[PDB]
Ligand SMILES: Cc1cc2nc3c(=O)[nH]c(=O)nc-3n(C[C@H](O)[C@H](O)[C@H](O)COP(=O)(O)O)c2cc1C
């Protein structure tokens with residue numbers, strides 16, 4: 001089984017979360033392809049993958065905005081091949097702001113409208129992800145056993 005993980009991370013929290021996810025999947029037998037949103041092209045990006053995990057941090061504060069590297073991919077999500085694709089989302093945020101991990105809802109909602117199958121509720125991490133390594137591994141385990 002092939003799984004693709006694309007993450008948008010500026011201070012490295014969502015990136016750390018992605019690597020933690022990759023390990024879990026990799027150990028469970030998956031062939032994981034983890035890429036930084038900054039280095040990918042939307043066009044047919046999900047082609048050939050059995051599972052796609054999208055991670056992205058939230059910004060803007062006074063409004064909901066996605067991590068800059070992920071925006072291009074988001075704006076072109078209709079060209080990724082999400083139709084019937086088994087996907088799940090995650091991201092890091094800070095409850096101190098008004099819209100906690102809003103980036104995760106935005107991606108989930110658009111993936112849903114594009115015909116993707118969200119196999120698990122998004123992983124929403126508050127603060128340092130390392131302090132939540134247990135929730136991350138479990139979430140990865142959960143999505144993995146629900147495809
Ligand atoms: C200007 C600014 C705005 C932010 N807005 C939000 C927000 O709306 N919602 C949220 O959950 N976190 C918000 N955060 C917190 C970040 O999402 C948090 O620092 C996160 O760990 C960043 O992840 P990064 O390393 O993965 O990409 C904001 C941080 C800054 C500096």
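Heads up, the Cβs are rebuilt from the backbone with ideal geometry, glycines too, and the neighbour counts pull from every protein chain shown. Taken together, the values in this text are just the output of simple stated rules run on the coordinates, not laboratory data.
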Computed [θ] at 222 nm, helices only, for the chain once each DSSP H run of length n ≥ 4 contributes -39500 (n - 2.57): -9000 deg cm²/dmol
Pulled fully out, how much extra length does the chain show between residue 109 and residue 23, if you take 0.36 nm times their separation in residues and subtract their Cα-Cα distance? 28.3 nm
Of the listed peptides 90-96, 20-26, 111-117, 52-58, what is their order by residue-averaged count of other C-beta atoms within 10 Å, with the highest listed first? 52-58, 90-96, 20-26, 111-117
